[PDB]
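Given as structure tokens, the chain that follows is alone and in the form deposited in one PDB entry.
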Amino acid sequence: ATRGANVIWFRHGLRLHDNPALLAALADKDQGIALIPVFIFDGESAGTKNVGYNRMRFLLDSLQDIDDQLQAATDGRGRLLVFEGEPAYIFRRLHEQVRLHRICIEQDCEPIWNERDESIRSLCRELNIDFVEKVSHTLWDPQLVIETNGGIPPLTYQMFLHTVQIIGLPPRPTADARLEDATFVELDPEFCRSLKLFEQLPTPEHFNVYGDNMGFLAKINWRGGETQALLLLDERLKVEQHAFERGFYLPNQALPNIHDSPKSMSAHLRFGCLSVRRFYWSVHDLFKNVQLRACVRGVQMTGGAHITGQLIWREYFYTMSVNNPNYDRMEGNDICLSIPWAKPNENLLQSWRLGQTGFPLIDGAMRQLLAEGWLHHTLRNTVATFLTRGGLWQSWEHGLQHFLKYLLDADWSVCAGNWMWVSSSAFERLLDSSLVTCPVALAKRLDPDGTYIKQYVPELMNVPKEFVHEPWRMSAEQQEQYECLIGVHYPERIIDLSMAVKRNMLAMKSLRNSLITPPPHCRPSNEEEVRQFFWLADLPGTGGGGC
């Protein structure tokens, strides 16, 4: 704090590697400019506006990871300062203590962050402070791929692939930061109490966040932070290594597995614990210059396109929301079809949230969502269709707000886009087939021996495998013979699906004859894209049928 100080404000991108904003904050070590790493609980940033217990713990685990790494490389001189209040109020009064030359941040391209960031930009113009903004949460610059497509984001996944190949490959991750020679600031102890500088790392209880509806089914647990994200990346980079030397995927690898352990990095990518560019260019360097022939779920393995294509799905949804604050709703949302959803049935909606629908796979997935906060992509498709076009004809907004609260990742743009991609695509009639919107048939495909169902629906523990997916088929004597009387211990089906899929298919067909014009909306590229999205494989598409 001799000649001033630079601020690296953390919101997302809670990491030290591949942090251009951190490097720009460390670029004045020679001039004696100090470094101040800060995180502010302003009541919305890092997804704290609508958060449950599982994601708040994940965020606090990442803040501690940054805090422990700073001390491990600065002999204890480096400290992550966690505040709680208005960001513009904290930065102005902190400028009274030490001179702020540059305030470095990572670009949050989502429009819900525009108010927060433009107030800091307006503050720096008043105090003559450099406002440094770096793009590192996404692979490309969202404004660069939007202007390439003519000032509007691509609405289909293929239209996004066509534009990024024009721009080229995304930038490589930056080098690591050296903090052994960096100086920090010891400010006034009373100034810390006024601006609410935490002396200890807070807990979710400090923010009135306690155990959720189910508490916790401690079968799957996730430790946040940059250390665990890099530990899981190397674990997966070796699984791809074995499949790379093998040249093909084992049949058990290409199939969706819902009985596995916490290996997903979607929560580490949302908070920015793991760099998306480091994920991308680690797969690229491991696959380039080796031609392959086998595929993984209809996507080639040559060049790692089956892995890096997943990171483009995330980039494709992040950019569609940039200049659209109504992206989470349908009124005022220009790229979402207006579907006549039924009236809010909060009795059925509560049966969907609590996992009391009478359908085993739906209940087992929603109870895992409440307890553990993570669902497989196949299970997220099932509960989304069952709530919307597939089962109850409820608006996807009621499912988005529930997901954004209990999900570990819960990207405001990725989660909202996936709800519209699946529920509000009227001209993709393959989504109306019960062969893709039936949880009973899918239960036999993902959970053959009822291992997953009985693990998160414990009332079905003793029913034999011949009646797990269809408990209603048991006799009156058999129902009390396995401690499961449908309607008492296990709830009955809140709706008849076979008569519900008929109502919804005709109600959606009614929209198509009224809208012969297909307006620009978030939709699948083609029918082949639906089959890979819903992990169909053997019998999907036109002419595939039931073999």
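Position 1 is the first residue in the sequence shown; the rest follow in order. We call the rigid core the largest set of C-alpha positions that still match within 1.5 Å between the two forms.
Although it is not shown, the form deposited in another entry is what the next lines describe.
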Inset, instruction - Once the rigid core is lined up, just say which one of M214, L155, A426, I120 has a C-alpha that travels 2 Å or more between the shown form and the other one. - result: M214
Inset, instruction - Verify the C-alpha shift of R246 between the shown form and the other one: is it 2 Å or more after superposing the core? - result: yes
Inset, instruction - Relative to what we see here, could you say if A218 and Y210 have their Cα atoms closer or farther apart in the other entry, with a change of 3 Å or more? - result: closer
Legend entry - Inter-Cα distance between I220 and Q532 in the other entry, nearer or further [3 Å or more]: farther
